[PDB]
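Sequential numbering from 1 applies to the sequence shown in the entry's author numbering.
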Amino acid sequence: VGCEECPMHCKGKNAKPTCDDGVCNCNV
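So, in structure tokens, the structure goes:
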């Protein structure tokens, strides 16, 4: 995953993606 490829991976409704040291992660 990546910062420019996060939205594609994690996609829901109340799940916002985040970038931490090149580590993408979606929470809220």
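Note that beta-carbon positions come from the ideal geometry of N, C-alpha and C, so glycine has one too.
Contact check, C26 vs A15, beta carbons under 8 Å: Your numbering for residue 26 matches position 26 in the sequence shown. Your numbering for residue 15 matches position 15 in the sequence shown. For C26 and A15, yes; Cβs fall inside 8 Å.
Determine the extent of the alpha helix (DSSP H) in which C6 is found, giving its start and end residues. The residue labelled residue 6 in the question sits at position 6 within the sequence shown. If you look at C6, you'll find it in the alpha helix (DSSP H) that goes 6 to 9.
Rounding to the nearest angstrom, what Cα-Cα distance links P7 and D21 in this structure? For the purposes of this step, residue 7 is taken as the residue at position 7 of the sequence shown. For the purposes of this step, residue 21 is taken as the residue at position 21 of the sequence shown. Taking the straight line from one Cα to the other gives about 17 Å.
I need the straight-line Cα distance from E5 to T18, nearest angstrom please. Counted from its first residue, the sequence shown places residue 5 at position 5. Counted from its first residue, the sequence shown places residue 18 at position 18. Whole-angstrom Cα-Cα distance: 11 Å.
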